[PDB]
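Have a look at the structure below, then the notes.
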Amino acid sequence: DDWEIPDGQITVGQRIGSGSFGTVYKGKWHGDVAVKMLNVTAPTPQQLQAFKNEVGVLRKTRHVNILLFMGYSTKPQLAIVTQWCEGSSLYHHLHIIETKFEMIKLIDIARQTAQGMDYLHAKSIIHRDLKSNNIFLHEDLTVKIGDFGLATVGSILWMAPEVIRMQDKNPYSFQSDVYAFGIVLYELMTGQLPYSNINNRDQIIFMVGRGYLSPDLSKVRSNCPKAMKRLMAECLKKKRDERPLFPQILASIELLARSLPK
Ligand SMILES: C1=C2C=c3cc(-c4cn(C5CCNCC5)nc4-c4ccncc4)ccc3=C2N=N1
């Protein structure tokens with residue numbers, strides 16, 4: 001029953017990058033797997049908590065749109081094993097290799113992302129770090145939401161105005177994830193990161209915080225549906241209580257998707 005994998009069964013290969021509280025590798029364990037490892041000599045009580053926190057969250061998830069947790073390892077280093085997804089993240093497709101997706105496919109990505117987030121919020125799981133980079137495209141058609149190191153039951157462009165000015169203790173909520181989803185909606189419909197004409201990071205942080213800066217919604221492409229643009233503005237509201245929850249958001253995307261191919 002237990003998910004602890006006996007040591008050395010995981011064959012660590014190519015270093016593919018870094019996630020939250022670890023370095024990610026392409027491993028081999030009963031096929032191709034993604035393994036997030038600590039590569040640190042001795043784990044801190046800080047790093048030990050962050051490990052058991054993520055594993056505890058991941059073992060509560062069983063969904064087609066959530067990155068499938070396969071197991072964990074403690075004996076060599078603190079490692080977490082998930083499924084391998086050929087084809088890079090949504091951030092990579094849109095901003096690195098500049099892949100040109102069709103509107104039908106762009107909305108399908110947004111629908112699956114909302115579908116996975118609805119599954120998390122139903123199980124009272126707040127991602128707290130939802131971004132294009134944590135949204136993974138498996139086989140170029142299936143969306144997988146990954147990296148749950150900051151989940152509770154770094155990147156500023158997806159952070160809500162409430163989150164960016166730390167008051168009070170917990171600015172993270174279901175609606176804070178909605179804003180982060182609002183930004184990935186923007187990215188899909190524009191093909192660009194928000195505030196791209198501004199180079200100063202500290203000026204963006206301050207300007208979103210005080211409520212002077214909001215994403216340029218008129219940047220969306222001409223073939224983007226009016227129902228998509230309207231939903232985008234609802235998710236990107238400065239006040240969190242004026243934002244819809246994912247049960248409502250999912251139903252909105254599913255509605256505009258059916259009256260789209262015609
Ligand atoms: C276990 C994990 C394996 C894992 C892999 C990752 C991850 C990070 N990247 C890179 C990073 C740089 N940009 C391009 C994509 N790709 C993946 C990945 C690879 C295969 N399947 C799923 C995800 C992210 C988070 C986790 C994670 N969190 N817990």
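Report yes if some residue within region 19-26 is closer than 25 Å to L90 by Cα and either of a type in the set (D, E) or part of a loop (DSSP other than H, G, I, E, B) (or both); otherwise report no.
Yes, there is a match, as at least one residue in region 19-26 is closer than 25 Å to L90 by Cα and either of a type in the set (D, E) or part of a loop (DSSP other than H, G, I, E, B) (or both).
Is it fair to say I96 is buried (at least 18 other Cβ atoms within 10 Å of the Cβ) and either within 16 Å of the chain's Cα centre (by Cα) or within 16 Å of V184 (Cα to Cα) (or both)?
no
List the residue pairs whose Cβ atoms are under 9 Å apart, where the first residue sits in region 239-250 and is under 21 Å from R111 (Cα atoms), the second is assigned to a helix (DSSP H, G or I) and aromatic (F, W, Y), and the two are 6 or more positions apart or on different chains.
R243/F174; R243/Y179; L245/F174; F246/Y119; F246/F174; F246/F181; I249/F181
Look at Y179 and say whether it is more than 16 Å from the ligand (Cβ to nearest atom), over 16 Å from the mean Cα position of the chain (by Cα) and either under 27 Å from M103 (Cβ atoms) or in a loop (DSSP other than H, G, I, E, B) (or both).
Spelling it out, it is not the case that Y179 is more than 16 Å from the ligand (Cβ to nearest atom), over 16 Å from the mean Cα position of the chain (by Cα) and either under 27 Å from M103 (Cβ atoms) or in a loop (DSSP other than H, G, I, E, B) (or both).
Could you tell me whether any residue of region 151-163 is among the charged types (D, E, K, R) and out of contact with any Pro (no Cβ under 7 Å at 6 or more places or on another chain)?
No: zero hits.
Could you list all residues from region 58-96 that are assigned to a helix (DSSP H, G or I) and more than 9 Å from the ligand (Cβ to nearest atom)?
The answer is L90, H93, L94, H95.
Search region 170-195 for residues that are in the same structural domain as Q115 (by CATH) and pair each with any residue that is of a type in the set (D, E) and not in a helix (DSSP H, G or I) when their beta-carbon atoms are under 9 Å apart and the residues are at least 6 apart or on different chains.
Listed pairs, sorted by first residue: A180/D129; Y186/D216; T190/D216; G191/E98; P194/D216; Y195/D216.
I'm trying to understand the selection: among the residues of region 97-133, which are closer than 24 Å to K26 by Cα and either in the same structural domain as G56 (by CATH) or not in a helix (DSSP H, G or I) (or both)?
Those that are closer than 24 Å to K26 by Cα and either in the same structural domain as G56 (by CATH) or not in a helix (DSSP H, G or I) (or both): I97, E98, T99, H127, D129, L130, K131, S132, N133.
Of these, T44, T82, which one is outside the structural domain of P225 (by CATH) and crowded, with 17+ Cβ neighbours inside 10 Å?
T82
Within region 28-41, can you find the residues that are near the ligand (Cβ under 10 Å from one of its atoms) and farther than 27 Å from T152 by Cα?
If the condition is that a residue be near the ligand (Cβ under 10 Å from one of its atoms) and farther than 27 Å from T152 by Cα, then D32 is the only one that fits.
What is reported rests on the model, the rules as stated and the sources as named; no laboratory instrument gave them. Methodologically, a virtual Cβ is constructed for each residue, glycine included, from the backbone with ideal geometry; neighbour enumeration extends over all protein chains shown.
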